[PDB]
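Residue numbers (UniProt numbering), protein chains in the order written: chain P, 28 to 187, 196 to 682, 795 to 946; chain C, 28 to 187, 196 to 682, 795 to 946. Note that CB positions come from ideal geometry on N, CA and C, so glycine has one too. The structure appears right after this line, and notes come after that.
Protein chains: 2
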Amino acid sequence: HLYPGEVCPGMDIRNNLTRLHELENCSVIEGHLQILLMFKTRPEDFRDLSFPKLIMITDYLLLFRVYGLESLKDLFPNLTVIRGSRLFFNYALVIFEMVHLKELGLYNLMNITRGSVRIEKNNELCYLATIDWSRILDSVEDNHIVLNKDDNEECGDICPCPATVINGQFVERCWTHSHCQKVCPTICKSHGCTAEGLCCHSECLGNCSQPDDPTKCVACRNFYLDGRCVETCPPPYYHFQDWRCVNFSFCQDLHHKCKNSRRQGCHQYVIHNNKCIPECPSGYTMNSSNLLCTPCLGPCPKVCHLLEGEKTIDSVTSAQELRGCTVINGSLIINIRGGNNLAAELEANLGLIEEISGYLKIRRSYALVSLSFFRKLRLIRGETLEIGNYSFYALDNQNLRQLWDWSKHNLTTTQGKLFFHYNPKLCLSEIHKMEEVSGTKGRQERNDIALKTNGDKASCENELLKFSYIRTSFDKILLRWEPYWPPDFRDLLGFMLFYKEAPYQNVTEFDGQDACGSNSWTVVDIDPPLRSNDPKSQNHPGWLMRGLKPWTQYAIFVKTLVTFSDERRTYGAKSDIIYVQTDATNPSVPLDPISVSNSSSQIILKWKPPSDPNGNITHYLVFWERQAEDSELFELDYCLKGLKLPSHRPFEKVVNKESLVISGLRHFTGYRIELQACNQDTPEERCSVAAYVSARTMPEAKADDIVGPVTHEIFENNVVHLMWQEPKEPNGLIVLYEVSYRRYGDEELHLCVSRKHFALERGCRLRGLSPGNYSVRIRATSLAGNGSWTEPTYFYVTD
Amino acid sequence: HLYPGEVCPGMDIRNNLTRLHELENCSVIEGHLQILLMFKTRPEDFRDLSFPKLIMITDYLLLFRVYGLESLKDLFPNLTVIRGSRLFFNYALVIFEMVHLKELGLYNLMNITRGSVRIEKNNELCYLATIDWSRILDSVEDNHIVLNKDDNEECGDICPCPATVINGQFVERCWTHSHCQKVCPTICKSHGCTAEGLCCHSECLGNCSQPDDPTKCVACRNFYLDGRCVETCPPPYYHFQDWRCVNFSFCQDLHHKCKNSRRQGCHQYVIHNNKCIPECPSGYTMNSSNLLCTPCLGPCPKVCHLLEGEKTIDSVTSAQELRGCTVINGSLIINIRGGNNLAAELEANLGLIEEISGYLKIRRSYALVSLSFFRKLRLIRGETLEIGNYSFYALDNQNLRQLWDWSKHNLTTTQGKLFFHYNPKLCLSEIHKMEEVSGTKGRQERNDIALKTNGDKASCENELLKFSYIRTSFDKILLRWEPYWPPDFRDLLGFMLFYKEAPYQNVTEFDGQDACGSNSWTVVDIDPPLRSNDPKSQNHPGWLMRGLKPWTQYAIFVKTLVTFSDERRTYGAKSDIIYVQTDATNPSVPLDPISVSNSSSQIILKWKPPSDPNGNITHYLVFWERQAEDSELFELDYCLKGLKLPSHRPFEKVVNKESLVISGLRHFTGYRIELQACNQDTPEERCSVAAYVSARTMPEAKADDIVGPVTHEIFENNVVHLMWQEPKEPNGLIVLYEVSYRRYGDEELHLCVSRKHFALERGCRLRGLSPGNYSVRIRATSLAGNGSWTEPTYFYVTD
DNA sequence: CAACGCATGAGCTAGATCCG
DNA sequence: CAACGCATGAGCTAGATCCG
């Protein structure tokens, strides 16, 4: 037979060898097999136990913390395939922290459908590299076999298997010292094979009896049907867990077995696409008689039979199933004890609930203020009741002030009784208008819901306050609202301004409860104003707040305060919030004005936007000034040690950019650059303070040097006067001429004529002149640097 | 007469000149006279009033924001002296933005006691350079008269006063065009004077009618007594404001005038060393009848008779003017109807009171978790009783959780009845506890304290719980306590465990009236234990907690929990709080290791205490490493552009300090400095990671330059070889020799010899040396900088 | 009779319908 | 018979007398 044995559910084994005895006649195990934590076991009570008739594995096998095993092949001698239907710990088969196992001996395994193997912290195993996972494990890139006895080549590795050359070496792969890993010709990869190499039926695997037969081999691929198995059997039967196809009359009765809410390992199995699947996916709803899934027109419920029909919920873990679980056949109970933030998690998990049939109970609430997370709820059937016939319950909750927004919500109760006791944070108004929309109208207990233990410590109010005038500056906001007096005007404590910035308008609404929050609305108290007894008076109260960054959206309102007294009046008033931004003074200074000059006529200035823009800046205002050189540097003797070498005003309204280039300016001249960041211009023209920077553009290559006829006059005392021309537009200013003369065969003897010396003499002179042929050359050394050399003027003075 | 007028208290004028009329007959002003805020005033209402009787000033005279005064001389024609008792922002007399004032007219000031004059922003004043303040103001170094009408010399400045030459100019000092500044001969600087210049009595000032008489002049220096004044008056009278002396019967009445707490600007005047000082200084306490300040052995009270023997301090302020009060002579009623946070403020405000005489009524508390703020209360006398002879009263307190810790507290009530009603979360044992510790044992009412309306809505558990073996680690503590079972061991819910760290032991008990505060005892619930039906069993339950910090004290206790029931039984049990500190470990890293170099052989290093000590750190472990220079810099041609210029291993157990210097080290080398903060050492020697910094000390003055016999060898080709020696201990390293040779009549031409060139040649050569007398001088330029120059070695090479 | 004048704008003097 | 062994120590496997 393919599988002549019996079905066998997955099961867990710990702390005893007693509960393994339930594997006497099992052949195929659905689920997984976990056996672990086995310390006080003599090793020799394992040699006399085995499970030969067990073949198939669906999910996984695990071995962890065993004291006494040496070779599990004595217990698992015919095991061939792991289906790997579920990945556990991102792995399939794991042997961890073994203490006594010498050799593995899984000599019968052929294929791993899905998953990976992992053997760790086992300093007693050998032949771990004689495995060839690639043949068995279709995916090897995740195999993790480290920190074992094979950390050092010290365990033998001797065995009598073709010794494949899958790697670069002629490695021999064996299971034990008495078992190799059988390999036949690979004409068929995963379709079963014989010892003689003859391939068996394509749709079966493992060891084989007769080739090309899907009925007498061992294990097959797709499904199973009564000694046969085909890729897809005809739909008189429906497929089950990708391993069978059997008639729905059986799994319908399985659905009827634990439809009694007794165990949570069950699933409300449903037929869909000829699959008795646990749940037909989203966008589908259930039917009563035909056991199919209707495509669920709209976001309709699917369904969900509550645990024990009375299950309580205390955390998100106790509400994980609610995703998809929409119609509830039980009584819900909620009690969060502590918690940090669940108001953003319930909607993603239970914001899709519409119908419950039991009764709802709330107690010991700590960190909740509303019931808005209950989005799609519409009705409670109340087939089961609390003691005293209560369809709803609410005791000892000290933080709830809100249930639903009944201007847009609708709930109905079929029957039962309401409970509201010791909920001191919710006014009588809400629960009375709970009764308006709820099914009950006069069904009260007497003593019904507590009328004194609830809402006593928090004074509810249904009164509003409106504003009268608002003025804003860039930094200060002028607030003013209408006056108000309580029915007893002396009974009044003042006003509080709760205010902060709000870049959006999705701001949290005020609830009157103080939790441990770092972020809180800064608030100031306002002295109640003088009583004027005049309707036409200055009784309108207000306040001016000044510590505000400009152009930020601020949410503001004002809340009254009055003492609590015996009479249930003077509830005060509460003003709704409004949004206000500031005014638009001149922005802050422009930041980082960077000036760069690359050529003699180009200067680029780039800045950074002002730190405080004070609104949308319309433009930028730039200004430049042509600086002047020093007049003190004209009268220095520049052949003495020490020489210098440096590197209305027109404007534009530069807009919509961050840099500006200015040309048509004097070359090699200092330029003081200033820019004012400036807001909207035509009304109330005000700009920032100018960020001042200095800039000097590049000099000109020819400006330093001067060309012209350098003439000479020879005096009688052999003192030759020299006449030439100065640079009309030098690079900054001429400071020194590098005048020099040369005899043929004589070096460049240079002389000095100062800027003033050239000015007073209109040239220079060469006293004590040797008779001969001299060439006079002049270099115009500007403060920007030395210029070019003039033409060496030839003149011969003879003996 | 000397001082024939009337005493006149300091007074202020604003927005109306009406109240100035109270200066009709007072000639001496105590305090200060402020005149300010006069906008809508015609200038014509001023020439009809004057004050020819007032002379002296104590604090300061201030004229500010007046619209219409052009000459204040029409109001102050005779006053001459100002004492400046209290500095007005470190000044004495100010005119500050006066708009109508043409001429000041202070033609009568004689002398300045202390302070400064300041005249500002007056574009209508002249003659301000004609004052000669140096003759009247004792301290000129702080005069500030800027930005006035005489910022420009444009107002005339003519006057008919000897034209003093105090400065380098013949400055003519005049007050007005009709009055100059009067100066008589300076034989006596401040001993009074007449028009003819002869000096009057030594102890008086300014004007004078008959000379050399303390009774026949106008104003004197030290004191005053019935038309006379002496340096120290006889002690039948006692000095007042160091300018009079009056009988004790006078200022005892001043003490008794505002012993009635009506105005807070006065003081309870006391006598000390012939001074009716407002308060005898710290460490001195008054006596009742004598009004003398006892030397106050040890701490002494300020004493606080309650206002009208009855007060209802309820809020933050209430009667906040009571800091320092210790004993109260009335009765108090406290009621904080809400509030934000006062727990951290009462101790600094009222946390020093010990005794009250009346009764205490407490009601409507909302944020009062305990009464530990009443730190020093010891006894209640009960002079006034509430209706029904009630001394203690508690009513409708939803957050008064606890009263006191009697193990470290003692309170006694002499008489009266105690009231405690409708406080629904405070149990029955502690009110018995305060009953037994207090005087009363059987003074009850029928009905006395409510036995049901209190502690019913909270699971009060005061019944006994004791712990068992406890175990602790560096991070975790193992807990276990004695088993408890209610009289019905079926009615139960389990345990909850509150904990929080505490650097001290003045921690509030968990005490159970729900106050949602920012800081609260974080709690974990416990599954109630199994029933074993054996007294000798494992019934002791425990718990493991891990999220803790090492070396930190933590308070812990356990509490039972049970379902509510109609029967008043199964009250459960509760444990007392205990302290168990966590264990120490390695400290944190040493912080901010700062190394400073002051000499070549001293290197000081200072650090900061580690952030986490983890126990009492016994010492600090320090180490260092001798860094080496870079060997790659030896083969660099330093004459080319680019030069560099910088600025087991032994140890010691540095203890009980923050810095330590290291001596005995080589000159100018880098050092790697590492220091470990470390806890107790001889057992479990564990220290943290070392804080690593670097340090290089300064070089040696002479180590850079080398001295020695610099001999030379002249070759046949006029190429002279140079022989000299290298510095044995260069500062860091020698890198280049600044070799140079200078012929007479020629410049000191410099040549080059590299570090390796000097190595391969043991010197340098001079190729192309013209015949002459040459002086060779070398400067040893190391990486630490240039050394000294050698001697220019004279050698003569001939033609 | 519906911003500015007749200060400044949160540094021992009061606190923006604050004032007209 | 009163820490350690025949794990680790809060990352889908249990939660420190937790197993002797």
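In chain order, what residues of the same chain have a beta carbon less than 8 Å from the beta carbon of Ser567(P), not counting five sequence neighbours either side? Close CB contacts of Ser567(P) within its chain, under the 8 Å cut and outside five residues either way in sequence, are with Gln573 and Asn574 (chain order).
If you check the beta carbons only, do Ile505(P) and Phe530(P) fall under 8 Å apart? Remark: C-beta atoms of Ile505(P) and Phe530(P) do not approach each other more closely than 8 Å.
With a threshold of 16 other CB atoms inside 10 Å of the CB of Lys903(P), please say whether the residue is buried or exposed. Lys903(P) is exposed by the Cβ-count criterion.
Just by C-beta distance, which residues in the region 825-846 of chain C are closer than 8 Å to chain P? Residues of the region 825-846 of chain C whose Cβ lies closer than 8 Å to any Cβ of chain P: none.
Run of the beta strand (DSSP E) containing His814(P), from where it starts to where it stops: First-last for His814(P): undefined, no H or E at that position.
Under 8 Å between C-beta atoms of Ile368(P) and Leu403(P): In this structure, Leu403(P) does not lie closer than 8 Å to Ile368(P) by Cβ.
From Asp440(C), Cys674(C) and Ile422(C), residue whose alpha carbon lies closest to that of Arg413(C): Comparing Cα positions, the closest option is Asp440(C).
Kindly indicate which three-state DSSP category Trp160(P) falls into: helix, strand or coil? Helix, per DSSP.
Would you grab the beta carbon distance between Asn149(P) and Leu128(P) for me? Rounded to a whole angstrom, and I think it's under 8 Å. Correct: roughly 7 Å between the Cβ atoms.
How many Å lie between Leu896(P) and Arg889(P) at the Cα? Straight across, the Cα-Cα distance linking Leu896(P) with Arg889(P) is about 7 Å.
Roughly how many angstroms lie between the CA atoms of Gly919(P) and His868(P), to the nearest whole one? If you draw a straight line from the Cα of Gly919(P) to the Cα of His868(P), it comes to about 16 Å.
For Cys331(C), which residues from the same chain have a beta carbon less than 6 Å from its beta carbon, with the 5 sequence-adjacent residues on both sides left out? Non-local C-beta neighbours of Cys331(C) in its own chain, meaning closer than 6 Å and more than five positions away in sequence, comprise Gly318, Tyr319 and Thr320, ordered along the chain.
Same chain, Cβ closer than 6 Å to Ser464(C), neighbours up to 5 away in sequence not counted: Excluding positions up to five away in sequence, the list reads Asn497.
Please state whether DSSP places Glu33(P) in a helix, a strand or coil. Three-state DSSP puts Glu33(P) in a strand.
Using DSSP with H/G/I as helix, E/B as strand and the rest coil, what is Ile139(P)? DSSP places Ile139(P) in strand when its eight states are reduced to three.
What beta strand (DSSP E) runs, 3 residues minimum, are completely inside the region 630-670 of chain C? Those beta strand (DSSP E) runs which fall completely within the region 630-670 of chain C and span 3+ residues are 638-643 and 654-661.
When the Cα atoms are used, what is the spatial distance from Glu471(C) to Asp546(C)? For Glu471(C) and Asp546(C), the distance between alpha carbons rounds to 19 Å.
First and last residue of the alpha helix (DSSP H) that includes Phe942(P)? First-last for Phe942(P): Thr940 to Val944, but that is the beta strand (DSSP E), not the alpha helix (DSSP H).
Hey, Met137(P) and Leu233(P): beta-carbon distance below 8 Å or not? Going by C-beta atoms, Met137(P) is not nearer than 8 Å to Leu233(P).
Starting from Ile925(P), follow its DSSP beta bridges and name the residues at the other end. Partner residues in a beta bridge of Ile925(P), as assigned by DSSP, do not exist.
How far does the beta strand (DSSP E) with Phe91(C) in it reach, from first residue to last? Where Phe91(C) is concerned, the enclosing beta strand (DSSP E) stretches over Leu88 to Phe91.
Could you check where the alpha helix (DSSP H) with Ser464(C) kicks off and where it finishes? For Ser464(C), the enclosing alpha helix (DSSP H) covers residues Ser464 to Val472.
Can you tell me which of the three DSSP states residue 775(P) falls into? For residue 775(P), nothing is modelled; it lies in the interval where chain P passes from 682 to 795 with no residues in between.
Need the endpoints of the alpha helix (DSSP H) that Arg902(C) sits in, please. Looking at the DSSP string, the run of the alpha helix (DSSP H) that includes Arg902(C) is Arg902 to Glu908.
Any beta-carbon of chain P closer than 8 Å to the one on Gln548(C)? Answer no: the Cβ-Cβ gap between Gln548(C) and chain P never drops below 8 Å.
Counting Cβ pairs, one atom from each stretch, are 3 or more of them under 8 Å apart for the region 877-891 of chain P and the region 859-866 of chain P? They do not touch, by the three-pair rule.
Who are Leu327(P)'s beta bridge partners in DSSP? According to DSSP, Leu327(P) shares a beta bridge with no other residue.
Determine which residues of the region 478-499 of chain P have a Cβ less than 8 Å from any Cβ of chain C, and write them out in chain order. Within the region 478-499 of chain P, the residues whose Cβ lies closer than 8 Å to some Cβ of chain C are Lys492, listed in chain order.
Within the continuous alpha helix (DSSP H) that includes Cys286(P), where are the two ends? Note, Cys286(P): alpha helix (DSSP H), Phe283 to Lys292.
Starting from the beta carbon of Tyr457(P), find every residue of chain C whose beta carbon is closer than 8 Å, and list them in chain order. Residues of chain C whose Cβ lies closer than 8 Å to the Cβ of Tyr457(P) are, in chain order, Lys492.
Express the C-alpha separation of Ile925(C) and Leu898(C) in angstroms, rounding to a whole number. Their Cα atoms are separated by approximately 10 Å.
Check the Cβ of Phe533(P) against every Cβ in chain C and list those closer than 7 Å, keeping chain order. The premise fails here: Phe533(P) is roughly 13 Å from chain C at the closest Cβ pair, so nothing lies under 7 Å.
Using 8 Å as the threshold, is the C-beta distance between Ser600(C) and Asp526(C) below it? Contact flag set, yes.
Is there a Cβ from chain P that is less than 8 Å from the Cβ of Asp562(C)? Not one chain P Cβ lies under 8 Å of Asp562(C).
Decide if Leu76(C) is buried, meaning its Cβ has at least 16 other Cβ atoms within 10 Å, or exposed. The residue in question, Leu76(C), is exposed, as its Cβ has fewer than 16 Cβ neighbours within 10 Å.
In the DSSP assignment, what residue or residues form a beta bridge with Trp936(P)? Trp936(P) is bridged to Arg926(P).
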